[PDB]
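Please treat every number below as a calculation from the coordinates, not as lab data. All Cβ positions, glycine included, derive from the backbone under ideal geometry; neighbour counts span all protein chains shown.
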């Protein structure tokens, strides 16, 4: 897609496995310690989620 | 949306699955049930706007998958390194 950094195979293979190989998996989690760590990330997220 | 022949090569399952990952990346969900939380409507809204944007942006589902896998990739490591080691 973009790959300025060519080490994207980890994420691409992840998708290939989950999405293509396993096909269905709309119920997955694995946030050890919780999932509210975004914090500052949520700021840019608000910026991204605001407009379509 | 214009009529792109490739969109018949991608069912709701695949795209909604990628939407799910968009959420899993932006939100390190502790449990699959946090994916039905009040924050979910918002995350999935973001994910649907994002997915739909790139869906319309690409000329193949694999491309749309690729470029979306790119943005999700950077988002993941962004949140991980920011919260972990740059601060």
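What order do you get for B:69-80, B:36-47 when each peptide is scored by the mean count of other beta carbon atoms within 10 Å, highest first?
Values: B:69-80: 18.6, B:36-47: 16.0.
Going by the mean number of other Cβ atoms within 10 Å, highest first, we get B:69-80, B:36-47.
Protection proxy ranking for B:62-68, A:1-7, using the average of other Cβ atoms within 10 Å per residue and placing the highest first: B:62-68, A:1-7.
If you take the Cα centroid of segment B:1-18 and the Cα centroid of segment B:26-87, the two points sit 17 Å apart.
Note on B:58-67: average number of Cβ atoms from other chains within 10 Å of each residue's Cβ is 2. With only Cα atoms counted, the protein assembly as shown has Rg and Dmax values of 14.7, 46 Å. Its DSSP H runs of at least 4 residues, each contributing -39,500 (n - 2.57), put the calculated 222 nm mean residue ellipticity of chain A at -9000 deg cm²/dmol, to the nearest 500.
Counting only Cα atoms, the size of chain B along its three principal axes is 45, 28, 16 Å, in decreasing order. Take each residue in B:4-14, count the other chain C-beta atoms within 10 Å of its C-beta, and the mean is 1.
Per residue, the average separation of C-alpha pairs within less than 8 Å and at least 6 apart gives chain B a relative contact order of 38 percent. For a paramagnetic label modelled at 7 Å from the Cα of residue A:13 toward its Cβ, which residues of segment B:12-28 fall within the zone defined by backbone nitrogen distances under 17 Å? Zone members listed by number: none at all.
With the cut-off at 1.5 for a/c, could you classify segment B:36-87 from its C-alpha gyration tensor as rounded, prolate or oblate?
Values: a/c = 3.58, a/b = 1.35, b/c = 2.66.
It comes out oblate by the Cα gyration axes.
Tell me whether chain A comes out rounded, prolate or oblate; compute the Cα gyration tensor, take square roots of the eigenvalues as a ≥ b ≥ c, and use a/c under 1.5 as the rounded threshold. Oblate, since a/c reaches 1.5 and b/c is not below a/b. Label sites at residue A:3 and residue B:85, each approximated as a point 7 angstrom past Cα along Cα to Cβ, lie 2.4 nm apart. Relative to the longest principal Cα axis of chain B, at what angle does helix B:12-26 sit, 0 to 90 degrees, rounded to 10? Helix B:12-26 sits roughly 20 degrees off the main axis of chain B. Can you give the angle from 0 to 90° between the axis of helix B:38-57 and the longest principal axis of chain B, with both taken from C-alpha atoms, to the nearest 10? The two axes meet at around 40 degrees. Helix A:41-50 versus the longest principal axis of chain A: what angle, 0 to 90°, nearest 10, using Cα atoms? So the inclination is approximately 90 degrees.
Between residue A:22 and residue A:48, what is the FRET efficiency for a Förster distance of 30 Å, r being their Cβ-Cβ separation, to the nearest 0.05? Provide the component values of the computation, followed by the final result.
On the way: r = 28 Å, r/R0 = 0.92.
Calculated value: 0.60.
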